[PDB]
Each structure stands twice: as C-alpha cells, then as structure tokens.
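Here the structure comes first, spelled out in structure tokens, and everything after it is commentary.
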Amino acid sequence: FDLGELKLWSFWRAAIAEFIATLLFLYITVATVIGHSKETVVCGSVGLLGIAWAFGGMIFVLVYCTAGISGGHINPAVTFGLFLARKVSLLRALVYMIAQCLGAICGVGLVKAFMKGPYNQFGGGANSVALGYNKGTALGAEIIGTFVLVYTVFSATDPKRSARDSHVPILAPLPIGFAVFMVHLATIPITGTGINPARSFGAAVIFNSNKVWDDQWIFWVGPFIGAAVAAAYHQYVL
Amino acid sequence: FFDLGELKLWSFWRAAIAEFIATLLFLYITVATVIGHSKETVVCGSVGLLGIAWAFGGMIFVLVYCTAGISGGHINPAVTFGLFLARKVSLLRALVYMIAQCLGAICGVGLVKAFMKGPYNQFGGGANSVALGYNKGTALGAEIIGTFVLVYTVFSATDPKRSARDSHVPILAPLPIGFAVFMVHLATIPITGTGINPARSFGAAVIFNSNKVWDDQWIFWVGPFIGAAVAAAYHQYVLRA
Amino acid sequence: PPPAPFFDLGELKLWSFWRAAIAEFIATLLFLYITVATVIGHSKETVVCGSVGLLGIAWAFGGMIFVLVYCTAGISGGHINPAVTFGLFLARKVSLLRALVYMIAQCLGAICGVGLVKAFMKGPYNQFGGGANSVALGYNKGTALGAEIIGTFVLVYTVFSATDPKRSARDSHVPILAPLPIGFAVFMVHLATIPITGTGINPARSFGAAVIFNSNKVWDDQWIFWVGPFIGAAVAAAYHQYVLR
Amino acid sequence: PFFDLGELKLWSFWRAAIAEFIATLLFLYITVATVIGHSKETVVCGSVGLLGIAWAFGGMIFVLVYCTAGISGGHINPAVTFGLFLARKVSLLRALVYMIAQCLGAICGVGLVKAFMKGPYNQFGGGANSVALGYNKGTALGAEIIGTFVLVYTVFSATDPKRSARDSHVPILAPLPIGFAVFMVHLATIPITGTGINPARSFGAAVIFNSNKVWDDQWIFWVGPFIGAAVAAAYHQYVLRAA
Ligand SMILES: [Hg+2]
Ligand SMILES: [Hg+2]
Ligand SMILES: [Hg+2]
Ligand SMILES: [Hg+2]
Ligand SMILES: [Hg+2]
Ligand SMILES: [Hg+2]
Ligand SMILES: [Hg+2]
Ligand SMILES: [Hg+2]
Ligand SMILES: [Hg+2]
Ligand SMILES: [Hg+2]
Ligand SMILES: [Hg+2]
Ligand SMILES: [Hg+2]
Numbered sequence: 027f028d029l030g031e032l033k034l035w036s037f038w039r040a041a042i043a044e045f046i047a048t049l050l051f052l053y054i055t056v057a058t059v060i061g062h063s064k065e066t067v068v069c070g071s072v073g074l075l076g077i078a079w080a081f082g083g084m085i086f087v088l089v090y091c092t093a094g095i096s097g098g099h100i101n102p103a104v105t106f107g108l109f110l111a112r113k114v115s116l117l118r119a120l121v122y123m124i125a126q127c128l129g130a131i132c133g134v135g136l137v138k139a140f141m142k143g144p145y146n147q148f149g150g151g152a153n154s155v156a157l158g159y160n161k162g163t164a165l166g167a168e169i170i171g172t173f174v175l176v177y178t179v180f181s182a183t184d185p186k187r188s189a190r191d192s193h194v195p196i197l198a199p200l201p202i203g204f205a206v207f208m209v210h211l212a213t214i215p216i217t218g219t220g221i222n223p224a225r226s227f228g229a230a231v232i233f234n235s236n237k238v239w240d241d242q243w244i245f246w247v248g249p250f251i252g253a254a255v256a257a258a259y260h261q262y263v264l
Numbered sequence: 026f027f028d029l030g031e032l033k034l035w036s037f038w039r040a041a042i043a044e045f046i047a048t049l050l051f052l053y054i055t056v057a058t059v060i061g062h063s064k065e066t067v068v069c070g071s072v073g074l075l076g077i078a079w080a081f082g083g084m085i086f087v088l089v090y091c092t093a094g095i096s097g098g099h100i101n102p103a104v105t106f107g108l109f110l111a112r113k114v115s116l117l118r119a120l121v122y123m124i125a126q127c128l129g130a131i132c133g134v135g136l137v138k139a140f141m142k143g144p145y146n147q148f149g150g151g152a153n154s155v156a157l158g159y160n161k162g163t164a165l166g167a168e169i170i171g172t173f174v175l176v177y178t179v180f181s182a183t184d185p186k187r188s189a190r191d192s193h194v195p196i197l198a199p200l201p202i203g204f205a206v207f208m209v210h211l212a213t214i215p216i217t218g219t220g221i222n223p224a225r226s227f228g229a230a231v232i233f234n235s236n237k238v239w240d241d242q243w244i245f246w247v248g249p250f251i252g253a254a255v256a257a258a259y260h261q262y263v264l265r266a
Numbered sequence: 021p022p023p024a025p026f027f028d029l030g031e032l033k034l035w036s037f038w039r040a041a042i043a044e045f046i047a048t049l050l051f052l053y054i055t056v057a058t059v060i061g062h063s064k065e066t067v068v069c070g071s072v073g074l075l076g077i078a079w080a081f082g083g084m085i086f087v088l089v090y091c092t093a094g095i096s097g098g099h100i101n102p103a104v105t106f107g108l109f110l111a112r113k114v115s116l117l118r119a120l121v122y123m124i125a126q127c128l129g130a131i132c133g134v135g136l137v138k139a140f141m142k143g144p145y146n147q148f149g150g151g152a153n154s155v156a157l158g159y160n161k162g163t164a165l166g167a168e169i170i171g172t173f174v175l176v177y178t179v180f181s182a183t184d185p186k187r188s189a190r191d192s193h194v195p196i197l198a199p200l201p202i203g204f205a206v207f208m209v210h211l212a213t214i215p216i217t218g219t220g221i222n223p224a225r226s227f228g229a230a231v232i233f234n235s236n237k238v239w240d241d242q243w244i245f246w247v248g249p250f251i252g253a254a255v256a257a258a259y260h261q262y263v264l265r
Numbered sequence: 025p026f027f028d029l030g031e032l033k034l035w036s037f038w039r040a041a042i043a044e045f046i047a048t049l050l051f052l053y054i055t056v057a058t059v060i061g062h063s064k065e066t067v068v069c070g071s072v073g074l075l076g077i078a079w080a081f082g083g084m085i086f087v088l089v090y091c092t093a094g095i096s097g098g099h100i101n102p103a104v105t106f107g108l109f110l111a112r113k114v115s116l117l118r119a120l121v122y123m124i125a126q127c128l129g130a131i132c133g134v135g136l137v138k139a140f141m142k143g144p145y146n147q148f149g150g151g152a153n154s155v156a157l158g159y160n161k162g163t164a165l166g167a168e169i170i171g172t173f174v175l176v177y178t179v180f181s182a183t184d185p186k187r188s189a190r191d192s193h194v195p196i197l198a199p200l201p202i203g204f205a206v207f208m209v210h211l212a213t214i215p216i217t218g219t220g221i222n223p224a225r226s227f228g229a230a231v232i233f234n235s236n237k238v239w240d241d242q243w244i245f246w247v248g249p250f251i252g253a254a255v256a257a258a259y260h261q262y263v264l265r266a267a
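If you want it as structure tokens, here you go:
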C-alpha cells in the first residue's frame with residue numbers, strides 16, 4: 027500500500043486502458059456469442075469455433091494495444107497472479123480489478139442494448155455449469171484452464187522492458203491470446219468461457235439470473251486459485 | 026497542410042496507386058468469398074461465416090504487410106481519416122488516398138460481378154445494409170464501436186521511428202490490424218456485415234445498386250468516421266503523454 | 021547483386037544447387053500430400069459437418085505453404101511453386117538454370133505427394149475428384165482463367181513484398197522470404213477461389229493432381245492452371261519491379 | 025559424451041523434466057477434452073468441429089512450446105526428443121528422462137479428462153488413436169511416419185543455432201511453425217487415425233481408455249513417429265543443412 031502511486035499521472039491512464047479494454051473485450055466477445063445463438067439456419071453462424079477465436083483473438087489484439095500502457099491485463103486473475111509475484115503493487119491491483127470489473131459490465135451491458143431480444147433469450151453470454159457436469163468439475167476445469175492462461179502470461183513477460191513508468195513487465199500478446207483461444211476450445215462445453223472473473227461477473231450482472239448467480243462463485247475461486255498455482259509453479263519451481 | 030508541394034513528388038503517386046490496387050484486391054477476394062459462400066447449395070459445404078471473417082481480417086493483414094512500406098498501408102478511408110486528425114497524414118494526401126480507395130473498391134467489387142454475375146446479384150452482392158431485427162440506430166452503434174476497435178489498433182500499431190517512402194506516414198504492424206478487422210467481423214456480420222470500411226461499403230453499394238442498400242449506406246460512412254475520430258482522440262488526447 | 025548471366029550452367033557444379041533442388045522436390049511432395057489428403061478426408065465424410073469443411077481445406081493450403089516456405093527459405097529460397105519461381109525469374113533474382121530445375125523438381129515432387137495419397141486411400145481418392153483442379157459448374161472457362169490470373173497475382177505480389185533485401189538463401193543470390201504473409205496469401209485466395217476451380221495458383225500442384233487422377237475432363241481444363249498463374253506471376257512481377265519499388 | 029553421470033546431479037536438468045511433465049500433461053488435457061466435448065455434442069454443428077480439434081492440437085503445441093523452450097527445449101513429444109537425440113542435441117540420459125516425463129505427463133492429462141467427464145469420455149472413443157474403418161494398418165503406419173516427418177523436419181528447421189536453453193546446451197525452438205506443422209498434419213491425418221505423431225499422446229490415451237481394439241493398433245503410434253522422427257533427422261542432418 028504505497029499510496030504514492032495514486033499521485034502519478036500515468037497510473038490513472040493505466041486504469042483507463044484496462045477499463046476500455048475490458049469494455050471492448052466483453053462487447054465483441056459476447057456480441058459474437060449471441061449472434062451465434064440467434065441463428066436459425068444450420069452452420070449459418072460463425073460457430074463455437076468462431077466464438078473461441080473471438081475470445082483469444084480479442085485478448086491478443088487488446089494485450090497488444092494496452093501492453094505498453096497498463097501492461098495489458100484485461101483480467102483480474104492475470105492481475106492477481108502478477109500481484110502474488112509482486113510485479114504489481116497492492117494499490118495498483120485493486121484499482122485494476124475494479125476497472126476491469128466496471129469494464130466488463132459496460133461491455134456486456136452495451137450488447138444487451140443492441141439486441142436485448144436474443145440477448146436475454148440466449149443465455150446473455152453468462153457463465154454457469156452445464157447439464158451433465160457437477161460443480162466439482164466446473165471448478166476443476168476453471169482452475170486448470172486459468173493455470174494455462176496465467177502460466178503463459180508469465181512465460182510471455184519481457185524481463186527487461188516494462189510498462190511505461192512502472193516495473194510491470196511487457197506482455198508478448200500472441201501466445202497469451204492463443205492460450206485463451208485454446209482453453210476456450212476445451213472448456214466451452216463445460217461452462218462456456220471462463221478463467222476471467224471480470225468476464226463472468228460482468229456477464230452475470232447484466233443477465234441477472236439466480237441459476238447464473240448461483241454458480242458465479244466458481245468463476246472467481248477457480249480463476250484465482252489457478253492464477254495462484256501458476257505464479258507458484260513459475261517462480262517457486264522454475 | 027494544403028501544401029500542394031506533395032502532388033509534385035513521385036513517391037506520392039505510388040502510395041496512391043498502391044492503395045488503389047490494394048483496395049481492389051481487398052474487395053475482390055472478400056466479396057468473392059461472400060458470394061461463393063452464399064451460392065453454396067451443400068449444407069456446411071462452404072467456408073461459412075467464420076471463413077468470410079478470415080477473408081476480411083486476413084486480406085487486411087496481407088494487404089497492409091504488402092503496402093505498408095509504400096503507402097503506409099491504410100486500405101480504409103476511416104483509417105486514413107483518423108490518422109489525418111492525428112496529423113500524421115496531410116490533408117492533400119488524405120483526399121487522394123480516399124479517392125483511390127473508393128476507386129479501388131468499386132473495381133474490386135465490379136470484378137467479382139464480372140466473374141459470376143448470376144449468383145452475385147442473387148445473393149446480396151456483398152453490400153452492407155441493416156439486418157432484420159435491428160434498428161438503424163443500433164447498426165450505427167455497432168459500426169462506430171466496431172471501427173473504434175480497428176483504428177485504435179492502427180494507432181497502437183504505428184511505428185514511432187521509421188515511416189513510408191517520401192513521407193512521414195508511419196509503417197503499420199499488419200497482424201494486430203488484420204486480427205482487429207477479423208475480430209470486429211466475428212461480432213458485427215449478424216448485424217450489418219462488419220462494415221468498418223467506408224470504401225468497402227461504398228464499392229459494393231455502387232456495384233450492387235439496390236435502393237434498400239443505398240438507404241442504409243449513410244450509416245457506413247458516419248459510423249466509421251465517428252469511431253475513427255473517437256479513437257484518434259482516445260489514443261492522442263486521452264493516451265500517450 | 022548483379023544480374024546472373026542468363027544461362028550459366030556453372031551452378032550445376034555447385035553442391036548447394038542440387039540440395040536446393042531436393043529441398044524443393046520434397047517440399048512439394050509434402051505440400052501436395054498434406055493438402056490433397058485433407059481434401060479427400062473431407063469429401064469421403066458421411067456425417068454432416070463431420071469433416072474439417074472447406075475452411076479446413078483452405079488452411080491446409082495456406083498453412084503448409086507457411087510451414088514449407090519456413091522450412092526451405094534458407095535452403096532453396098522457399099518457392100514450392102513454378103509460378104513463384106517464374107515470377108522471381110523475370111525479376112532476374114533466379115537464374116534461368118535454377119528456375120528450370122526448380123520447376124522440374126516441384127512437379128516431380130507434386131506427382132509423388134498426390135500419388136502417395138492415392139496409395140493411402142485409393143477408393144475415396146478416385147471416388148471424389150482426386151483433388152484435381154477443373155472448372156466448376158456455372159463458371160465459364162474465361163472466369164476460371166481470370167480467377168487464376170488474379171489469384172496468383174495476389175500470391176506473387178506478396179512474395180515480392182516478402183523478399184529480404186539483405187538476406188538470401190544458402191550459397192546463392194536468391195532472396196529469402198517471409199513465410200507467414202505468403203502463407204496467408206495462399207490461404208486467402210483459396211477462400212475465394214475454391215468455389216470456382218480450386219485454389220490453383222500452382223502449376224505443379226495442378227499438374228501433379230491431374231497426372232495421378234488422370235481424367236479427360238480434368239486434363240481439358242488443366243491448361244488454365246498453367247497460363248493463369250504465369251500471366252498472374254508476370255504481372256505481379258511487373259507491378260512490383262516496374263510501377264513500384 | 026553419452027552416459028554422462030553428471031546430468032542427474034544438475035539442478036536444471038530436473039527442472040526441465042518437470043516442465044516437460046507439466047507440459048505434456050496440459051497438452052493432453054486441453055486436446056482430449058476438446059475431442060470429447062465435440063463428440064458428446066447433441067446439436068448439429070453445436071461443437072467446434074474437427075477444425076477446432078486440429079487447432080486444439082496445433083495451438084496447444086505452439087503455446088506449450090513457447091512456454092517451455094527456454095526451460096526444457098519444448099519437446100512435449102517422444103518422437104521430437106528421439107529425433108533430436110539422433111542428432112546428438114539431447115543426451116541419452118536426457119532423452120530417457122524426457123520420454124518418461126512425457127508419458128507420465130500424458131496419462132495424467134488424459135485421466136484428468138476422464139475424471140471431469142467420465143460419462144461421454146468412455147462413450148466417445150476416449151480420444152485415443154486407432155485405425156478407423158476403411159484404412160489398412162499399413163496405411164495408418166505410413167500416414168503416421170509421413171505425418172511425423174513433417175513435425176520433426178520443422179522442429180529441425182526451427183532450431184536456433186547460437187542460442188540454447190537455460191543451462192543445458194539444448195536448442196531453443198521457434199514455436200509458431202511447429203504448432204502449424206502439428207495443426208496441418210492433424211487436418212490431413214485425423215480421418216485416418218486422428219493424427220498421432222506423438223507416442224506420449226497416443227500411449228496415455230490408450231492407458232486411460234483401456235480398450236483392446238485400441239491397444240491392438242497401439243504399436244502403430246510408437247513405430248510410426250519414431251521412424252518418421254529418424255527419417256527427418258537423416259534428411260535434415262545428413263542430406264541437408266550445411267555451410
Ligand atoms: Hg473485480
Ligand atoms: Hg460499467
Ligand atoms: Hg502454457
Ligand atoms: Hg472516397
Ligand atoms: Hg473503379
Ligand atoms: Hg484495440
Ligand atoms: Hg514443371
Ligand atoms: Hg514423382
Ligand atoms: Hg498482396
Ligand atoms: Hg515414454
Ligand atoms: Hg501419470
Ligand atoms: Hg516441414
């Protein structure tokens with residue numbers, strides 16, 4: 027809690043990027059999920075594969091656009107893990123998780139505004155365990171999946187160069203984006219997308235469903251527990 | 026600005042021929058993919074919307090890679106406009122590019138019609154318009170926010186140090202830009218078609234020539250230009266100290 | 021670099037010259053195999069959307085191209101395509117000797133790769149077009165020729181735009197290439213051209229297929245797949261050398 | 025030299041094997057889970073398609089190898105290790121340790137899938153490789169020898185020359201091409217045997233799924249890849265690659 031950062035000008039820009047990023051990340055991804063679901067014709071949409079690209083591809087573009095500014099996180103769990111590694115200050119982190127949180131809700135909120143009809147009607151792009159999977163699994167998938175995301179993140183951090191005015195490493199976007207893409211190609215059937223507390227959170231809010239809200243804890247505990255293990259594995263044993 | 030001193034430069038007429046030819050191939054490959062997909066009788070026998078998304082984002086990547094060193098690689102009126110507002114492109118240059126791009130599009134699109142007039146007219150001619158189930162206000166919303174993703178990336182992709190030939194127009198990273206065109210398409214095709222191109226929407230509107238299309242055509246210019254503006258401002262005024 | 025004297029048998033004597041040939045042979049053998057095997061696997065599929073679909077095919081072609089140019093860039097210059105060669109020849113980046121040997125290699129290569137797939141699955145191989153280019157119903161020969169010309173232009177123009185000014189292949193003046201852009205160029209063009217004749221843009225890839233499949237209907241249209249890419253090749257070359265860089 | 029009694033004694037040496045173990049583990053978890061999720065799908069086109077599966081396999085390799093080059097040299101594959109061993113770039117000791125780690129990482133990954141979705145997992149081929157109806161075991165072996173050649177020849181072509189891993193004198197590999205190799209081969213071999221080119225990946229799926237029909241053909245995915253890996257090695261080391 028070195029409150030000296032708040033005073034820096036750059037620090038406020040970094041939060042603004044993370045907010046807009048996540049706003050963007052959530053709008054594009056979720057708008058895509060829906061555009062799929064509302065499709066009447068067979069193979070007439072982009073498909074679950076299309077969705078998967080949306081998620082890892084946006085991440086890639088975003089981490090690219092904001093790497094040099096905030097360090098391109100767009101994910102609480104990504105911040106959390108980098109925090110446990112102490113490459114981010116307690117002050118910075120809590121500010122980030124908030125901006126991503128507010129980022130998501132506006133991102134998802136925006137879509138519902140463009141297509142409220144099919145929005146509510148088709149899941150509203152809200153994470154929740156799928157028929158045939160116990161919560162025990164949904165959490166397992168979520169944990170291990172986020173381990174892949176974060177472990178990539180650490181492996182893709184520039185050791186020398188850091189975010190403008192800070193000791194927060196530059197993230198090489200391509201591997202991270204792909205990692206996201208991959209984890210989506212496997213976890214979608216389980217509980218759609220995840221490994222992103224702010225993504226699920228932003229979705230649960232604008233959708234508003236007890237069923238949704240009930241499983242919502244998994245998408246916070248899993249991503250965070252994974253990010254934890256990841257940091258551990260990468261620093262304590264590598 | 027208005028420095029007519031450029032017109033006289035030999036490099037200036039190339040960066041325009043490139044943008045012209047670049048945008049011609051762009052519309053040809055993409056629109057051709059669109060028709061090709063639509064005329065498909067076999068279910069799941071085409072490349073699908075996912076295929077079309079790639080044809081766009083993909084062409085942008087390639088076309089920008091090819092022409093970045095020469096014209097700076099814009100291929101998009103809204104991308105030029107945004108940098109123009111950033112004062113990284115003269116007003117004189119901008120107006121030329123823009124004419125060559127709209128001029129490139131119309132030929133590119135018209136070449137697809139020449140290839141297969143039959144299924145071309147029959148399946149939308151690859152022109153943007155508002156999809157049933159959406160209000161013109163939303164189409165414009167998606168168009169703005171869509172283009173904000175494209176141009177904000179163009180800004181995030183500019184090269185600080187080196188530039189184009191004969192100018193101070195930055196070389197652009199091709200991949201992040203292509204992926205952006207791609208991403209935006211995956212989410213906007215259901216609504217309008219992923220316009221985020223004026224020159225692209227114009228070329229096909231011109232060649233398809235449908236009133237229903239010409240009607241919504243105004244959104245595809247206003248939306249992009251607005252998005253690009255807000256992007257420029259966001260990158261320049263809000264970010265970049 | 022100086023324009024390499026037009027016919028200097030002198031390279032024949034070079035050990036690296038023959039290596040580059042082989043690399044180009046084997047590369048086209050793998051190119052055709054991985055791709056044509058993919059095409060077949062898609063056609064033989066009984067289940068709706070049980071194959072990889074056309075997008076899957078489009079990738080096979082762009083993808084392998086990417087991978088192959090990467091793997092051979094420093095050994096032969098990464099051509100894998102008579103039309104790319106011919107195009108690099110007109111700009112005098114490649115001697116008339118290498119260009120002719122490369123060409124012979126790519127075909128011999130193409131004919132093996134395909135033949136090797138037919139050897140893996142003869143039934144469906146023959147039952148589903150043999151992975152050969154030909155004009156699709158509802159498209160007149162002239163459009164076929166146009167698509168191929170224009171398509172190849174896209175491929176070649178990118179090759180030129182991908183060549184490295186200060187980095188060349190091993191023991192040669194031939195320019196080294198950036199495989200990713202080139203790969204994508206091939207990918208893109210297929211997405212647009214498959215519906216038409218195929219994604220040709222490869223005299224060798226078309227020839228090897230026609231050879232092993234061997235159909236009158238195929239052999240009839242085959243000429244398009246040579247003239248189209250070359251003309252396209254030439255124009256990109258002229259475009260890049262003459263009206264630009 | 026060869027035996028190298030001293031490799032065991034190094035602290036980095038053990039680190040690598042771990043990476044390789046965690047690596048191969050993830051790989052199988054992510055791919056296999058994708059395969060199942062696809063198969064157990066009820067809706068038509070409701071899944072990611074075989075294309076997604078192919079991507080899963082190539083993409084994972086890409087990513088995984090990007091995370092493990094500097095540490096272990098990013099093999100994640102016996103065939104790749106074997107091929108790199110024949111090129112004397114990986115000692116006999118490190119090759120044996122690597123393969124165990126890769127086999128042990130594999131089964132865990134596959135098992136981890138089963139545990140999550142035992143139901144559809146057993147009902148849909150368990151994601152293990154086997155010759156499919158219509159193809160003769162001979163073709164399966166060729167497609168597997170030829171498909172691995174593509175993989176190993178790329179690994180060899182991605183090989184960095186003036187750079188190595190952390191403390192081992194083992195080459196860092198450029199990830200993207202390799203992943204695409206894996207992606208491509210998958211696109212052409214899946215319909216035949218689902219594109220193995222990975223002893224570790226095949227073995228682990230045969231272990232966890234436990235089927236005779238499967239164990240029957242299980243020799244193809246061991247004999248093939250290694251033969252491919254070796255041929256590649258000979259093409260690249262001997263008949264090519266000089267200055
Ligand atoms: Hg939060
Ligand atoms: Hg908000
Ligand atoms: Hg990873
Ligand atoms: Hg214009
Ligand atoms: Hg025109
Ligand atoms: Hg962006
Ligand atoms: Hg030939
Ligand atoms: Hg042959
Ligand atoms: Hg091009
Ligand atoms: Hg083993
Ligand atoms: Hg195990
Ligand atoms: Hg290769």
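Residue numbers (the UniProt record's numbering), protein chains in the order written: chain Z, 27 to 264; chain U, 26 to 266; chain X, 21 to 265; chain W, 25 to 267.
Beta carbons are placed, not taken as given, at the ideal position from N, Cα and C, and that holds for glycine.
Worksheet entry | the segment 143 to 151 of chain Z touching the segment 220 to 238 of chain Z, judged by at least three CB pairs closer than 8 Å | The segment 220 to 238 of chain Z and the segment 143 to 151 of chain Z touch, with three or more beta-carbon pairs separated by less than 8 Å.
Worksheet item: Going by other Cβ atoms of all chains shown within 10 Å of its Cβ, with 16 needed for buried, is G97/W buried or exposed?
Response: Residue mapping note: residue 97/W aligns to position 73 of the fourth sequence, counting from 1. Here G97/W is buried. Its C-beta has 16 or more other C-beta atoms within 10 Å.
Practice prompt. Please classify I196/W: does DSSP put it in a helix, a strand, or coil?
Written response: Taking the fourth sequence and counting its residues from 1, one reaches residue 196/W at position 172. Looking at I196/W - three-state DSSP - the assignment turns out to be strand.
Worksheet item: So is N101/Z buried or exposed if we call it buried at 16+ other beta carbons inside 10 Å?
Response: Translated into positions along the first sequence, residue 101/Z becomes position 75. Classification of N101/Z: buried, given that the 10 Å Cβ count is 16 or more.
Fill in: Where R187/Z falls: helix, strand or coil (DSSP)
Reading the first sequence from its first residue, position 161 is the one you call residue 187/Z. In the three-state DSSP reduction, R187/Z falls in the strand class (E or B).
Practice prompt. Following the continuous alpha helix (DSSP H) through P102/W, name the residue where it begins and the one where it ends.
Written response: As a first step, residue 102/W is located in the fourth sequence; it is residue number 78 there, counting from the start. Under the DSSP assignment, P102/W falls in the alpha helix (DSSP H) whose first and last residues are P102 to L110.
Discussion item. What does the Cβ neighbour count give for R112/Z, buried or exposed, with the cut at 16 atoms within 10 Å?
Written reply: Position 86 of the first sequence holds residue 112/Z. Exposed: under 16 other Cβ atoms inside 10 Å.
Worksheet entry | Any heavy atom of ligand 2 nearer than 6 Å to the CB - residues listed | In chain order, the residues that have a beta carbon nearer than 6 Å to some heavy atom of ligand 2 are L128/Z, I131/Z and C132/Z.
Discussion item. Would you call the segment 43 to 60 of chain U in contact with the segment 179 to 197 of chain U, where contact means no fewer than 3 C-beta pairs closer than 8 Å?
Written reply: Because the criterion of three Cβ pairs below 8 Å is not met, the segment 43 to 60 of chain U and the segment 179 to 197 of chain U do not touch.
Worksheet item: So with Cβ pairs under 8 Å, would you call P249/U a contact of chain Z?
Response: For the purposes of this step, residue 249/U is identified with residue 224 of the second sequence, where counting begins at 1. With 8 Å as the cut-off, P249/U does not count as an interface residue toward chain Z.
Discussion item. Using the Cβ count rule (16 or more neighbours within 10 Å means buried), how would you classify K186/W?
Written reply: As a position in the fourth sequence, residue 186/W is number 162, starting the count at 1. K186/W is exposed by the Cβ-count criterion.
Item to complete: With DSSP as the reference, label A40/W as helix, strand or coil.
Response: Indexing the fourth sequence from 1 puts residue 40/W at position 16. Collapsing the DSSP output to three states places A40/W in a helix.
Worksheet item: For the candidate residues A229/X, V263/X, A224/X and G83/X, whose alpha-carbon lies nearest to that of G248/X?
Response: Translated into positions along the third sequence, residue 248/X becomes position 228. When each option's Cα is compared against that of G248/X, the closest is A224/X.
Practice prompt. Run the CB neighbour count on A139/Z, radius 10 Å, all protein chains shown included, and call it buried at 16 or more, exposed below.
Written response: For the purposes of this step, residue 139/Z is taken as the residue at position 113 of the first sequence. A139/Z is classed as exposed because its beta carbon has fewer than 16 other beta carbons within 10 Å across all chains shown.
Worksheet item: Is the beta carbon of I216/U less than 8 Å from the beta carbon of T163/U?
Response: Counting from one through the second sequence, the residue named residue 216/U turns up at place 191. Counting from one through the second sequence, the residue named residue 163/U turns up at place 138. Taking 8 Å as the cut-off, the Cβ atoms of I216/U and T163/U count as close.
Item to complete: Look at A80/W and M208/Z and say whether their C-beta atoms are less than 8 Å apart.
Response: In the fourth sequence, residue 80/W corresponds to position 56, counting from 1. In the first sequence, residue 208/Z corresponds to position 182, counting from 1. It is a contact, given that the beta carbons lie within the stated cut-off.
Discussion item. Between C91/X and ligand 12, is there a pair consisting of the residue's CB and a ligand heavy atom that are separated by less than 7 Å?
Written reply: If you number the third sequence from 1, residue 91/X lands on position 71. Within the cutoff, so yes.
Worksheet item: Is it true that the segment 240 to 256 of chain W meets the segment 115 to 131 of chain W, where meeting means three or more beta-carbon pairs spaced less than 8 Å apart?
Response: No, the segment 240 to 256 of chain W is not in contact with the segment 115 to 131 of chain W.
Discussion item. Looking at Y53/Z: is its Cβ nearer than 8 Å to the Cβ of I170/U?
Written reply: Here residue 53/Z corresponds to residue number 27 of the first sequence, with the count starting at 1. Here residue 170/U corresponds to residue number 145 of the second sequence, with the count starting at 1. Their beta carbons are under 8 Å apart, which means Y53/Z touches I170/U by this criterion.
Fill in: C-alpha gap between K33/X and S192/X, whole angstroms
Residue 33/X sits at position 13 when you count from the first residue of the third sequence. Residue 192/X sits at position 172 when you count from the first residue of the third sequence. Their Cα atoms are separated by approximately 13 Å.
Discussion item. With a threshold of 6 Å on Cβ separation, who are the neighbours of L108/X within its own chain once the five nearest residues in sequence on each side are excluded?
Written reply: Taking the third sequence and counting its residues from 1, one reaches residue 108/X at position 88. Only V114 meet the Cβ criterion.
Worksheet item: What in chain U is Cβ-close to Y53/Z, meaning under 7 Å?
Response: The residue labelled residue 53/Z in the question sits at position 27 within the first sequence. Chain U residues near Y53/Z: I170.
Worksheet item: Do you know how far the Cα of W35/Z is from the Cα of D28/Z?
Response: The residue labelled residue 28/Z in the question sits at position 2 within the first sequence. The residue labelled residue 35/Z in the question sits at position 9 within the first sequence. Pairing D28/Z with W35/Z, the inter-Cα distance amounts to about 15 Å.
Worksheet item: Is it true that the CB of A103/U sits closer than 8 Å to the CB of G252/U?
Response: For the purposes of this step, residue 252/U is taken as residue 227 along the second sequence, with counting starting at 1. For the purposes of this step, residue 103/U is taken as residue 78 along the second sequence, with counting starting at 1. At the C-beta level, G252/U and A103/U come within 8 Å of one another.
Worksheet entry | Contact test: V87/W Cβ vs ligand 3 heavy atom, cutoff 7 Å | Position 63 of the fourth sequence, counted from the start, is the residue given in the question as residue 87/W. Under cutoff, so the answer is yes.
Discussion item. On the CB-based measure, 16 or more other CB atoms within 10 Å of its CB, does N222/X come out buried or exposed?
Written reply: By one-based count along the third sequence, residue 222/X stands at place 202. Counting Cβ neighbours within 10 Å, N222/X comes out buried, since at least 16 surround it.
Worksheet item: Closest to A41/W by CA distance: which of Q126/W, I131/W and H62/W is it?
Response: As a first step, residue 41/W must be located in the fourth sequence, where it is residue number 17. Comparing Cα positions, the closest option is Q126/W.
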